[PDB]
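Form deposited in one PDB entry, single chain, as structure tokens, below.
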């Protein structure tokens, strides 16, 4: 509309340009990154998880909310489509490599599903700096250590709560209490992807539809390997791990990684050796590399 909008880019768009949008606007959308069949396969895998009856024991997040809370943690362990296809998408990683150039290696801190039902209110505007509170004190100019990647799995509309993003707001000193009309809407089709810079002020739009159609989203956080993964994928069976590509294994914390100089050795190692060597980890695309 009137205000400058989120730019929607083709999957083959220029990475330098995407990197610049992140620094100027703080966010952008990749159009039709995931084909519809991938999206639907992912959705069915998620349906299976959500249909599982509630467990007997403790659930750290879920126990904090009423029983109608819809959440699937660490989707990489239970959704093969995410693990084998979405997680290792080459466009996503081209962006990450450029974005994290100053900080070095990155990996997956978390990827999880939320569903926002009809009649739910919008989120307060905020920054994604709560999981690793030290991020709250990092200056704007410092090398970024986190990137938010948002996957709509149903339509995002003005009505059902499309993500509200305030362009340029990563340059603000604080969040404050911004008006809703300061934000623009990440309206999207399933298969699109929203990419959001560290420190950008934003809010989930809730869902004001009344027809019972929930809005589904998978949120993935790619962080500097300096930062401890929220979700640990260390209990994945070896057969599952070795079925992944090297990149996948790197994302899920199964390999030694490298923060930027002046760390000149790396991180996540043991016996002064690479973790994957100590584990004698095979990978699906080891013959080609």
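Positions refer to the first chain, counted from 1. Think of the rigid core as the biggest set of C-alphas that the two forms share within 1.5 Å after superposition.
The same protein also exists as the form deposited in another entry; that form is not shown, yet it is the one meant from here on.
After superposing the rigid core, the C-alpha of residue 124 moves by 2 Å or more between the shown form and the other one.
Core-superposed comparison between the shown form and the other one: the C-alpha position of residue 180 differs by no less than 2 Å.
For residue 44, a C-alpha deviation below 2 angstroms is recorded between the shown form and the other one after rigid-core alignment. In the other entry, the CA atoms of residue 69 and residue 217 sit closer together than in the displayed form, by at least 3 angstroms.
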